[PDB]
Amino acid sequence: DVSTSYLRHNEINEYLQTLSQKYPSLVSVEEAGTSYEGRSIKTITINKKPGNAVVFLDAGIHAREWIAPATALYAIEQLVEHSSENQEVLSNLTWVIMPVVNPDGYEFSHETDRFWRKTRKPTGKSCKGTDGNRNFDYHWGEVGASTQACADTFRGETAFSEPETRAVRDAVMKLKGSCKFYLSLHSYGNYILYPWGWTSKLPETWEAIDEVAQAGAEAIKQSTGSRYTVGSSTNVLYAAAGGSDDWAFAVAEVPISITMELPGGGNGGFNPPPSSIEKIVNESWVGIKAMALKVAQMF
């Protein structure tokens, strides 16, 4: 259903609203903010129960990473339309899922430039766009972030200069204390990463996050056999200071903060053909559910 094609941002929002109409006692669809160009950045809250641990999942902060919102939508479909098959992650866990963080870039990638990455807000002439995953206010503007407005990793004019990242900030801040698992979906590379993105040194509680990441990689290995490399983002992939996972872990005090690089496909890596969507999201959901189950089992 949601894994047969790449949905446009408007179609994604209508799907969320339809689920709100169809499952009002299970889900609530809320607007977390407005993009720079005026698009509604929506989230869906699944199984809201008082005192529950909260899993916050976002995707599509980078425009060209189409498989990340597709995986997030597939996770929504499994949890909402097939809740009877996912009771283990629907008892003490509450899900807040933001399928698209950067709708302006995402729509731009569909219409104008397939491999656009940043947002679409002008940066002060001659270039548009800010790297959303370099725009969070924790070690902002440091190694792995560029001061040049035209670079792929432009940190932005200031920290949280983009309304898209402010929407993520406000949604996670509203769940401070209750949010125990922050998951940010990216593509590509087959990685499950955690802080830090500003140094190669590991956080004090890196083992706890590593165990959650190991569970996701192990479940995928048992299910499909695909390999996911686990480690800190700086050590495994590259330095990425200003990322959302670092900010959620350190500022929002989310104990388990993970960035996931979903499988690549096509000639550019970011563009698997629509026929490949179903297999990729199915495999990715196996890992995502396993990490959430590991989080739920902590209590």
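Start at 1 with the first residue shown and count on from there.
Averaging only over Cα atoms, indicate whether 50 to 58 or 30 to 38 has the higher B-factor in the PDB entry.
Taking the mean B-factor of the alpha carbons in each, 50 to 58 is higher.
With reference to the PDB entry, specify whether the mean Cα temperature factor is higher for 96 to 104 or for 223 to 231.
In the deposited entry, the stretch with the higher C-alpha B-factor mean is 223 to 231.
Using the entry's values, work out which of 77, 157, 142, 164 has the largest Cα B factor.
When the deposited C-alpha B-factors of 77, 157, 142, 164 are compared, 157 is largest.
Quick one: which of 192, 89, 168, 185 has the biggest Cα B-factor according to the entry?
Comparing C-alpha B-factors across 192, 89, 168, 185, the maximum falls on 89.
Could you tell me which third, lowest, middle or highest, the C-alpha B-factor of residue 258 occupies within its chain?
Tercile = lowest for this residue's CA B-factor.
Once the chain's modelled residues are ordered by C-alpha B factor and cut into thirds, is residue 151 in the lowest, middle or highest one?
Tercile = middle for this residue's CA B-factor.
In terms of the chain's CA B-factor thirds, is residue 244 lowest, middle or highest?
Lowest third, going by the recorded CA B-factors of the chain.
Residue 23: which third of its chain by C-alpha temperature factor?
Highest third, going by the recorded CA B-factors of the chain.
Please place residue 69 in the lowest, middle or highest third of its chain by C-alpha B factor as given in the entry.
It belongs to the lowest third of the chain when residues are ordered by C-alpha B-factor.
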